[PDB]
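See below for the structure under consideration.
As a convention, Cβ positions derive from the backbone with ideal geometry for all residues, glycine included, and neighbour counts pool all protein chains shown. Every read-out reported here was derived from the displayed coordinates using simple, explicitly stated rules and does not represent laboratory data.
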Amino acid sequence: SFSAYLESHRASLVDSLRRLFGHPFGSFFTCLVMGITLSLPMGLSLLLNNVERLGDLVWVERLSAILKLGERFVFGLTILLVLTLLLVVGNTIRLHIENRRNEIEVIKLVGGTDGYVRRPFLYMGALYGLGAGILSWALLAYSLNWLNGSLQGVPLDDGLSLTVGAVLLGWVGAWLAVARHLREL
Amino acid sequence: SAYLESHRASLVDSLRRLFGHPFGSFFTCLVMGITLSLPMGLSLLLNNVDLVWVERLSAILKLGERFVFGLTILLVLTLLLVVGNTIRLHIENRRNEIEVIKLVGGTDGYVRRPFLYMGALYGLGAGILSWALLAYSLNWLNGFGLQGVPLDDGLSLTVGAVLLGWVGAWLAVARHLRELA
Amino acid sequence: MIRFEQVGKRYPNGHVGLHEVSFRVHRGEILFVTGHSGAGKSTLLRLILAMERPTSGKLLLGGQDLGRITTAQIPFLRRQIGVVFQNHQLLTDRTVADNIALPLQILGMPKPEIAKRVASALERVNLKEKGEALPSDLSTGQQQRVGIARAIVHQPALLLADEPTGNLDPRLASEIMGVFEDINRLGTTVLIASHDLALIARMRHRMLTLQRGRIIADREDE
Amino acid sequence: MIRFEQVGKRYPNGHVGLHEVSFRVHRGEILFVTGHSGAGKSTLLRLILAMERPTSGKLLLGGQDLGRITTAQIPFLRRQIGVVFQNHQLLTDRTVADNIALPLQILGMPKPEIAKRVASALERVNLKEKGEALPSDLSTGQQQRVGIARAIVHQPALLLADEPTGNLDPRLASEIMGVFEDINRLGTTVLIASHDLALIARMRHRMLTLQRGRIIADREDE
């Protein structure tokens, strides 16, 4: 039933959360790293809005000309780090997945479902990504103040998009490792 | 001496492993270079190093002195993280063989070298790619000139590329070996 | 009741398995097998385990046919029947109850609904000593009995297992054998094989054998 | 001759494997050990390896006492002797020769210097052609024989192996035994371990058993 499939998914998230509490110290440093990598990543995507809202006469003409000039310089540069984000997500996901393979082996031995396999890790990836991304939208303003103290909050639409790649990561970057593990069988 | 041959064969095996996963290693060295590109691209931005702000610009230098002074550390932490992840992943593979070696009774260096050389090399290669890729895009931007090509800084461009490799290897090795321990 | 149809075996990449495979099994039956260590009897089971496509010949997979089976249906059949291994397939770092319920966790029944049958099995294997334990607390033979119960779980239609007493010396070996005997006493269609018939000889049974990929180097010996 | 003195080890679960145990090693001799049906004779063996710390007891391994575990001295002495798991650690992804050369890498001798002894072993077991994929698609006992040779490598000072031929067919088991017999024909202090002794009965050699943690259940049948 769809209701059980949710309970299946629900218990899947329950176990995923256990695993989150799992390695609570290891996962503590790990989520620290997850949010940290996100923050290192999100800062570039954030500086785009910084420039966008940033806007004598000797340099006034140059400022007028700079329109659309660096626009590509960030439009491309953001896409680049997205790849590295996917990379770290896959690396961590595979590292976790490789652990308890023998358990997974026996699980397969009894039987299984890709979802019975997938959800335990897919939910985990989505959660790690979402948490790191939220931490990004948070720390953005803190940096903004620590700087303008010498500052802007996340716009609502912007904060709304802040979760998508996090969701995208937990939907796909894991699905990347999914083949690398399943086709291994 | 004999340890020289030990490291030599370790490098040989590491190179095999580089050719190892040659398509996977292709994306992997691509990842090494790409991580560096992000890391180097942030690492150097000292460019200058509405004219009514010309006088006020003097303190902008002091403001920027710490502007990315720590961003370098942050990227450094991220670099350590990726290095450890990759090392462990490779380290995770061949665990049974490692045991067998230990089963025969192993040498700590015997374990270490095949990995330490394995990682420091990847780091050095990415950092080298960084030095050229810097001005590669800089020139395309140009249309002070847009190309670094520094001497002592050019040297240090890859110095950390290997230092980080060695360090992240030490960390990952400690974790995995204590896990064996 | 359920038959086999002269299926030949070959992973010639490694080597050809067996000339042919045909045998008709009534329900609740028991069997055994032995022979030279060159027996891919292990492989014979893996084939019975449907670990690969038939690679030659035909088998009457009960109601179904093993070949041309939807890999989607593979889990469904994998649920249909249980088996064990000569290795201690028990999962460490879990309660004894946890390892037991692992199949139940797969099933998805209500947890209290699971617990009743869980205790039933514990008693069933005379394993009511402790529902939840670290594996290392238990005895080696106790450990094997644990996996025995693991298989016993789900009340599968039939059981396969493997060479039991992988280490059990004759007293324990015989004990485990009798355990399986009682398992069959609950009317059970299940059979295992080993490289030693001496104990198996002490038990009346069909005990068919084959040699070097012979379809049958031995007879029914009813 | 070597010797050992009364020794016991609580498992971390307190599960003391042995109350005490002592034994004199007649240098260069051969002994076949089998004990209780489920005893941690396997644990007895791991202890023989001193894989764990010595816990309670005394033993003087020839010129070295097992006490004062110098972790540095481990490989310095982990190379002293060789072993063989009953579940033979077959190493894949290497050619049979390649897998057979694993000890060589540790040694660090010249590769041609190694190749001579390498062939010497293949002759010593007279082994060649186990199965289709060198290491992979071998013949089990021949793969087992290969593992035996792997042990035979390095001309170890003393041999050891637990439940060898654990999976073998009786004739195959006998063959393995004779292989060991030839191994002793090299004047080698080689031990043995077994779940049972039906064949070991034919082995007209000293045998010992321990009363399920006791120092002994039996004396040596000299």
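Residues being among the aromatic types (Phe, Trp, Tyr) and more than 14 Å from chain D (Cβ to nearest Cβ) are represented in the range B:45-54 by at least one member. I'd like to know if the range C:88-106 contains one or more residues that are in contact with a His (Cβ under 6 Å, 6 or more places away or on another chain) and on the phi < 0 side of the Ramachandran plot. Looking through the range C:88-106, at least one residue is in contact with a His (Cβ under 6 Å, 6 or more places away or on another chain) and on the phi < 0 side of the Ramachandran plot. Every listed requirement among (1) within 18 Å of C:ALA193 (Cα to Cα); (2) in a loop (DSSP other than H, G, I, E, B) is met by C:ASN126 save one, (1).
Checking each residue in the range D:35-49 for being of a type in the set (A, V, I, L, M) and farther than 16 Å from D:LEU160 by Cβ picks out only D:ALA39.
Checking each residue in the range B:137-169 for being among the aromatic types (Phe, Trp, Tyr) and surrounded by 15 or more Cβ atoms within 10 Å (Cβ to Cβ) picks out only B:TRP166. Pairing residues of the range C:173-201 that are within 14 Å of chain D (Cβ to nearest Cβ) with residues that are crowded, with 22+ Cβ neighbours inside 10 Å and part of a strand (DSSP E or B), at Cβ distances under 7 Å and at least 6 apart in sequence or on separate chains, gives no pairs at all. Entry remark, the range A:59-118: residues being under 26 Å from B:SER137 (Cβ atoms), surrounded by fewer than 18 Cβ atoms within 10 Å (Cβ to Cβ) and hydroxyl-bearing (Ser, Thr, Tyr) number 2 in total. Taking the range D:136-165 as the range and being within 12 Å of chain C (Cβ to nearest Cβ), crowded, with 18+ Cβ neighbours inside 10 Å, in a loop (DSSP other than H, G, I, E, B) and not hydroxyl-bearing (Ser, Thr, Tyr) as the test, the residues that pass are D:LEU138, D:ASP162, D:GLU163.
Per-residue answers, yes or no, for (1) surrounded by 18 or more Cβ atoms within 10 Å (Cβ to Cβ); (2) in a loop (DSSP other than H, G, I, E, B); (3) at positive phi:
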{"residue": "C:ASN167", "(1), (2), (3)": "yes, yes, no"}
{"residue": "C:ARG171", "(1), (2), (3)": "no, no, no"}
{"residue": "C:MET177", "(1), (2), (3)": "yes, no, no"}
{"residue": "C:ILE192", "(1), (2), (3)": "yes, yes, no"}
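Can you find even one residue in the range D:41-64 that is within 13 Å of the chain's Cα centre (by Cα), exposed (fewer than 15 other Cβ atoms within 10 Å of the Cβ), away from chain C (no Cβ under 14 Å) and not basic (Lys, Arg)? Within the range D:41-64 (the criterion being within 13 Å of the chain's Cα centre (by Cα), exposed (fewer than 15 other Cβ atoms within 10 Å of the Cβ), away from chain C (no Cβ under 14 Å) and not basic (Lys, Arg)), the answer is yes, since at least one residue qualifies.
Residue count for the range A:14-44 under the criterion of being surrounded by 11 or more Cβ atoms within 10 Å (Cβ to Cβ) and within 12 Å of chain B (Cβ to nearest Cβ): the result is 15.
To keep it simple, each residue is scored yes or no on (1) within 24 Å of C:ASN87 (Cα to Cα); (2) not aromatic (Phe, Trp, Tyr).
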| residue | (1), (2) |
| --- | --- |
| D:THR71 | no, yes |
| D:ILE74 | no, yes |
| D:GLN80 | no, yes |
| D:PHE85 | yes, no |
| D:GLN89 | yes, yes |
| D:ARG94 | no, yes |
| D:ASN99 | no, yes |
| D:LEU104 | no, yes |
| D:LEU107 | no, yes |
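D:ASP218 - would you say it is within 14 Å of chain C (Cβ to nearest Cβ), of a type in the set (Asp, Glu) and surrounded by 16 or more Cβ atoms within 10 Å (Cβ to Cβ)? In short, no.
Among D:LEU210, D:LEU160, which is the only one that is within 25 Å of C:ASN167 (Cβ to Cβ), of a type in the set (A, V, I, L, M) and touching a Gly at 6+ places or on another chain (Cβ under 6 Å)? Let's see the steps before the verdict.
Working: D:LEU160 fails: touching a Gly at 6+ places or on another chain (Cβ under 6 Å).
Just one listed residue meets the conditions, D:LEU210.
For the range B:64-155, please list each of the helices (runs of 4 or more DSSP H) lying entirely inside it that holds at least 1 residues being within 14 Å of chain D (Cβ to nearest Cβ), more than 19 Å from A:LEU81 (Cβ to Cβ) and of a type outside the set (A, V, I, L, M, F, W, C).
Values: elements: B:69-92, B:95-104, B:108-142.
Result: B:95-104, B:108-142.
Considering only residues of the range D:202-215 that are more than 20 Å from D:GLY8 (Cα to Cα) and surrounded by fewer than 19 Cβ atoms within 10 Å (Cβ to Cβ), which is farthest from the other protein chains (Cβ to nearest Cβ)?
Quick first cut of the range D:202-215, residues more than 20 Å from D:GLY8 (Cα to Cα) only: D:202-207.
Narrowing the set further to residues that are surrounded by fewer than 19 Cβ atoms within 10 Å (Cβ to Cβ) leaves D:202-206.
On the way: D:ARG202: 14, D:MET203: 16, D:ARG204: 21, D:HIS205: 19, D:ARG206: 19 Å.
The residue in question is D:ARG204.
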